[PDB]
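All Cβ positions, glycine included, derive from the backbone under ideal geometry; neighbour counts span all protein chains shown. Derivation of every value follows stated rules applied to the coordinates shown; laboratory data play no part.
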Amino acid sequence: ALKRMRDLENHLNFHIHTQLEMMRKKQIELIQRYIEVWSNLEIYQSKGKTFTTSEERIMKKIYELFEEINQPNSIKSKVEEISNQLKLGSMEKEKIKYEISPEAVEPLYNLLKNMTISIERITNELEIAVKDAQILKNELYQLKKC
Amino acid sequence: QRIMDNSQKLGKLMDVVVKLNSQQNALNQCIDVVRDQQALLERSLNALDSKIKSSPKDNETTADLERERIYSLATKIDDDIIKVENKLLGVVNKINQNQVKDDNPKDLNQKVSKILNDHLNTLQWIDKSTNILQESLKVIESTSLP
Amino acid sequence: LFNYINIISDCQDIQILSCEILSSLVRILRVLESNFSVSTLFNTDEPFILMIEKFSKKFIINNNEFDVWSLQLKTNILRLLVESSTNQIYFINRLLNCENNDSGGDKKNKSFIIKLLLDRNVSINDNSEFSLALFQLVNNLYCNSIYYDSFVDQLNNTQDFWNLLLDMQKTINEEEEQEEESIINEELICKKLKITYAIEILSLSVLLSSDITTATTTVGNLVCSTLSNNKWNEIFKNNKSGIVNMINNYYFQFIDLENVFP
Amino acid sequence: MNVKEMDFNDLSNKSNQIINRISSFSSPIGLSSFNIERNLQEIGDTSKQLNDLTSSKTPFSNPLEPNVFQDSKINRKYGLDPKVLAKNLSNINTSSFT
Amino acid sequence: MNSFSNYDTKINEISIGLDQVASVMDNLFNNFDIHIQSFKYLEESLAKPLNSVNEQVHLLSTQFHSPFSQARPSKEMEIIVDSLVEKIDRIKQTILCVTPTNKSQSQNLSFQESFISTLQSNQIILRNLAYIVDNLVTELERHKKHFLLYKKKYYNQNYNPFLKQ
């Protein structure tokens, strides 16, 4: 029994996880191409026409969100600083190490353990609360539509 | 008695091995459904693309040139976002390795620091999820009923 | 200034002046490290950091461009490195590609200061500045804790660094029968400085040679076989008085000032 | 005695399983489900920032209004007995470390 | 009588074996269901693009010129640009969680005092968030009951969408 559970533990932790990351990547490969085909759709359905004030208001927003990514002080630039701070060891701070007294190990174990058991409950209830709230928000939106 | 106690314990665990076989069949069906939804979105994108890329380029206008220029800028934004996400994930996954470099499954400093970091990132998620719940409350409360 | 150093293959005064401007900026910053954070000033900018990576990949790898550069450019690039190797640890970490976070091509990179000690197209007499500044840069990196084992293992395993020391020990003993009167003083000070840094370095490499307490079955094979059991034994078995000569000549004859200055 | 061996393996296994569940309800795509391993000063700084922030999201009543029924609900619900918590904390002083 | 043997070692060893089979089994449900939720989010994430691409594939198959021309840009292009904003602000909020903060006031404390202050602060945050969650869940539990009473009054709907799995 102990062996068969370790056989299935290794199936979840390696085989199923390798299928999950491959499906996560194919989701990105389909989302980038959902945008490819919808930009190409909107050009095709707008072709041979003037703009609208809403096409201007959204084309301005497409330019605003291009520049914040591409300017000298951009999101790209600031990720490239951190890429280089990390390469340099600007974030590998020195690892001081201690004897925690054998008098304090039982107090510390039970303090951290009571925090884990409290966090466990708060996460169990808040996970449900966000689900019940979005279910109520979905139901109310269709009730405001009949 | 102690052999009969351990025998009932093994039996009641084997009755729950039948439930682990249930979770494996549920997990298998999620892996079937996500695969064949991805292979269906793929197939409908190819069935939309093929309609756009069979129209004439005859009578494009100056508005259609600026429009093809800006709706392709939106496609460039998603691909540049994904380059930044992969590079910043390539920073986080190194910072995590850098703190874990001293891996010693007999230390206490490594384990106490990780249990407190797992607590910290969980408490940051609990705050973020209370904000998402409270802002969802406002949108329930402003969704007045007839 | 690094564009002017990398691109201007031609008006070499501009490459020299750029190294001197950088050296004076480094000198000003080192007097103001109570206020200016020099690491952040070299963290932000990947155009600049790809320029240090262009300059390092040019200088570290390509000896064929190095012997197109004049000794005056080579010396003032070494002066910039001697200045920044005092306090500006992060700038040097980049300029050497000392950064880490089977395929072994990487071991070519961190070897370049050990090329500069051993690439005998260049001499260690024929200019005092270049050769003194190289021994100062090597001394600074050997005295700095963050570079220590990562530089000192590469020096210890390089048999020809120990051959350089066993050649400069001839330069002393083969000059000391041949030159009387005029000029000598400033090169004699530069020779005594090169020797002083080499003896500090020797003291530290001899300290580290033994504290790997676990390696009981392998150290006694390595130390007996990389160095030939001829070469190191022949010094101390021919010159059986060798430490008594080292004390009475190479220490005390250098110290006895009332002979050296009247 | 029997010791119930106070293993920080099983405590780390369960702090990490809470995160591995959280990162299945955060999006499994993009910068949504990552976590950062911080060192102990950064854990203290981020803890202070989250303490100073969350204390201004709790409408704590005037300290002369310590609502005994909410106190009795919340600390039983989540397990936050201050008499157990403060007793465990009071054995963790500076002379508990070398 | 003098050929009797003890066996309590073996009966302890089997108990401890069955305690390890239980611990591995509890972890096996957590690892099963973490994967099941991770694949549910991929099914739910596909469902929107899957629908909207499939409607434009159909409109462009009846050859139907809608006389009310679809408004320009289309509402899924509005949503695509806001989907770029939400990724952009996820990157901003990641940068601000990875950049090393300028030297905190905690450089005026020892490792020992800052560790005790971290245990105190985590215990205070845990109390603060426990109150915020207990309040927000109590009030979500008002709104859910108003909604069920509204559906039960005007629509006679005794169905409840908050029935758990």
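Quick one: would you say D:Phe60 is of a type in the set (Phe, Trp, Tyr) and either touching a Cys at 6+ places or on another chain (Cβ under 6 Å) or closer than 28 Å to E:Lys40 by Cα (or both)?
Values: of a type in the set (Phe, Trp, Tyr): yes; either touching a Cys at 6+ places or on another chain (Cβ under 6 Å) or closer than 28 Å to E:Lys40 by Cα (or both): no.
For D:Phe60, the condition - of a type in the set (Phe, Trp, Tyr) and either touching a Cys at 6+ places or on another chain (Cβ under 6 Å) or closer than 28 Å to E:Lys40 by Cα (or both) - is not met.
Contact map, region C:85-102: first residue farther than 19 Å from C:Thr44 by Cα, second residue polar (S, T, N, Q), Cβ cut-off under 7 Å, separation 6 or more or different chains; pairs are C:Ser85/C:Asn140; C:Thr86/C:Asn140.
Going by the conditions given, is E:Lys103 among the basic types (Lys, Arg), within 11 Å of chain D (Cβ to nearest Cβ) and over 30 Å from A:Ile43 (Cβ atoms)? First the steps, then the outcome.
Values: among the basic types (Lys, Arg): yes; within 11 Å of chain D (Cβ to nearest Cβ): yes; over 30 Å from A:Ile43 (Cβ atoms): yes.
So E:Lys103 fits the description; yes.
Being under 21 Å from B:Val100 (Cβ atoms) and either facing chain B (nearest Cβ under 10 Å) or outside any helix (DSSP H, G or I) (or both) holds for only one residue in D:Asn91, D:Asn9, and it is D:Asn9. Among the conditions (1) under 30 Å from the mean Cα position of the chain (by Cα); (2) facing another protein chain (nearest Cβ under 7 Å), B:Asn46 misses just one, which is (2). Of all residues in region A:113-133, those satisfying the criterion of being of a type in the set (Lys, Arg) and either at the interface with another protein chain (Cβ under 7 Å from one of its Cβ atoms) or in contact with a strand residue (DSSP E or B) (Cβ under 7 Å, 6 or more places away or on another chain) (or both) are A:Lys113, A:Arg121. In region A:100-111, the residues that are hydroxyl-bearing (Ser, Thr, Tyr) reach residues that are buried (at least 17 other Cβ atoms within 10 Å of the Cβ) and in a helix (DSSP H, G or I) with C-beta atoms within less than 8 angstrom, at least six apart or across chains, in these pairs: A:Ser101/D:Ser96; A:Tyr109/D:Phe8; A:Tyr109/D:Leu11.
Considering B:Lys106, B:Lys12, the condition of being more than 8 Å from every other protein chain (Cβ to nearest Cβ), assigned to a loop (DSSP other than H, G, I, E, B) and exposed (fewer than 12 other Cβ atoms within 10 Å of the Cβ) is satisfied by B:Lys106 alone.
Residues in region A:59-103 that are crowded, with 16+ Cβ neighbours inside 10 Å, over 30 Å from C:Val38 (Cα atoms) and touching a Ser or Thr at 6+ places or on another chain (Cβ under 9 Å): A:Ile100, A:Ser101.
Restricting region B:109-146 to residues that are small (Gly, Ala, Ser) and part of a helix (DSSP H, G or I), the residue that is nearest to A:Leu140 (Cα to Cα) is B:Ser136. Taken over region C:57-91, the residue count meeting the criterion of being surrounded by fewer than 18 Cβ atoms within 10 Å (Cβ to Cβ) and not in a helix (DSSP H, G or I) is 5. Being within 30 Å of E:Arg90 (Cα to Cα) and exposed (fewer than 13 other Cβ atoms within 10 Å of the Cβ) is a condition met by no residue of region D:15-33.
Of a type in the set (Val, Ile, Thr), out of contact with any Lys or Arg (no Cβ under 7 Å at 6 or more places or on another chain) and surrounded by 14 or more Cβ atoms within 10 Å (Cβ to Cβ): is that true of C:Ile201 in this structure? Considered against the rule, which asks whether it is of a type in the set (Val, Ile, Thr), out of contact with any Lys or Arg (no Cβ under 7 Å at 6 or more places or on another chain) and surrounded by 14 or more Cβ atoms within 10 Å (Cβ to Cβ), C:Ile201 comes out as yes. Of all residues in region E:62-93, those satisfying the criterion of being part of a loop (DSSP other than H, G, I, E, B) and surrounded by 11 or more Cβ atoms within 10 Å (Cβ to Cβ) are E:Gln70, E:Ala71, E:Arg72, E:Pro73, E:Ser74.
Within region A:117-128, the residues that satisfy the criterion of being surrounded by 21 or more Cβ atoms within 10 Å (Cβ to Cβ) and more than 20 Å from the chain's Cα centre (by Cα) are A:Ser118, A:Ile119, A:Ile122. Scanning region C:7-44 for residues that are of a type in the set (S, T, N, Q) and under 23 Å from the mean Cα position of the chain (by Cα) returns C:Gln15, C:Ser18, C:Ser23, C:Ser24.
Check B:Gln38, B:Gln97 and return the single one that is more than 7 Å from every other protein chain (Cβ to nearest Cβ) and either within 26 Å of D:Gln41 (Cβ to Cβ) or within 30 Å of the chain's Cα centre (by Cα) (or both). Before you say what the answer is, go through the steps one by one.
Working: B:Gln38 fails: more than 7 Å from every other protein chain (Cβ to nearest Cβ).
Only one candidate qualifies: B:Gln97.
I'd like to check something: does region B:68-83 contain any residue that is more than 7 Å from chain A (Cβ to nearest Cβ), out of contact with any helix residue (DSSP H, G or I) (no Cβ under 6 Å at 6 or more places or on another chain), surrounded by 14 or more Cβ atoms within 10 Å (Cβ to Cβ) and farther than 16 Å from A:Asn40 by Cβ? The answer is no; no qualifying residue exists.
Going through (1) at the interface with another protein chain (Cβ under 7 Å from one of its Cβ atoms); (2) surrounded by fewer than 16 Cβ atoms within 10 Å (Cβ to Cβ) one by one, E:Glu44 falls short only on (1). For region A:21-44, filtering for residues that are more than 30 Å from B:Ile31 (Cα to Cα) and either in contact with a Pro (Cβ under 9 Å, 6 or more places away or on another chain) or more than 7 Å from every other protein chain (Cβ to nearest Cβ) (or both) leaves 1. Among residues belonging to region D:50-85 that are more than 7 Å from every other protein chain (Cβ to nearest Cβ) and closer than 16 Å to A:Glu120 by Cβ, point out the one that is surrounded by the fewest Cβ atoms within 10 Å (Cβ to Cβ). This residue is D:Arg76.
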